[PDB]
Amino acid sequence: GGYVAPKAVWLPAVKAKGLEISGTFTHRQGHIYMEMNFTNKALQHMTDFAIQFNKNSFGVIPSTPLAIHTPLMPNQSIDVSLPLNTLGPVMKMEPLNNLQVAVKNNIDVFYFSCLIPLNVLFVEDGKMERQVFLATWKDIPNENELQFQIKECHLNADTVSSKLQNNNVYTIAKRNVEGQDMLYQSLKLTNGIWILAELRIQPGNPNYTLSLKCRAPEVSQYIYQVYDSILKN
C-alpha cells in the first residue's frame, strides 16, 4: 500500500461541544477513503449526523453518508470509513489541497479543515508508455519545467523507485550517466493532469535533483512535497 499520514485530530472536542473527530486519508486499490474516528465527550447523545465538503480543487465529495446510524452515546467512540470520489463541484483552494468540511449533528453545525495528501489523488493508470512520455516531455513548454532538491536523502535508486511505485508514481525508464542514476517517472491525478519527472541521483551526493514538467506548473511544488514525504517515510 501507499503512504498514509499519521491520524490527526481534525476537530477537537473543545471546538465542537464534546464532538471529536480524528482522521487520515487512504487510497485502497481503486478507492479513496477518509478514515475517521468520532468520539462523543459530551454528557448527552449526538444523532442526526450529516456531512458536506466545501467546493475544492479536485472536486472531492463523499460517495456515501457517514456510517453512524444510531445516537453516538456519551463517552462512545466509533470508527467510520467514508468513501470519497472526485466527481463533485470544483473551486480553487489555498493551499491547493486544502479541504473545508462541515459536520452537523442534532446540536450544531461544526467546521474544520484538513489537507488531502496529494498522493491519495494519484490514479492507478498513471504509467505512461515510453514513447508517449518522450512526446509529452518535449511538448510541455520548458518554462513550465521546475527543479527541486530533495535534500539529505540516503536511499538508493531501486528503493526510491520501489517506494514511489507503491504510491502510483511509476518509473518508466532508467539510465546511468557518469555514475549518476537518471529515473524518468510519470503520474496522473484524478482530474486528468499528467506530471512527468526526471530524478537524478548523484555519487555520494545527499541531494537528489527532481525536475518536474506539468501543463499546470502550480501543482509541481505540491508533487515535490509528496516525493519528499514518501522518501522520508
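A residue's number is simply how far along the shown sequence it sits, counting from 1.
Higher mean CA temperature factor, per the PDB entry, when comparing 45-53 with 168-176: 168-176. Higher mean CA temperature factor between 133-141 and 88-96: 133-141, per the PDB entry. You'll see in the entry that, of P62, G192, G59, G204, the Cα B factor peaks at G204. Comparing C-alpha B-factors across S113, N119, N156, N105 in the deposited entry, the largest value falls on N156. Per-chain ranking of the deposited C-alpha B factor places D181 in the highest third. When the modelled residues of the chain are ordered by C-alpha B-factor, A216 sits in the highest third. The deposited CA B-factor of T39 belongs to the lowest third of values across its chain.
Ranked by Cα temperature factor within the chain, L146 sits in the highest third according to the deposited record. Per-chain ranking of the deposited C-alpha B factor places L196 in the lowest third.
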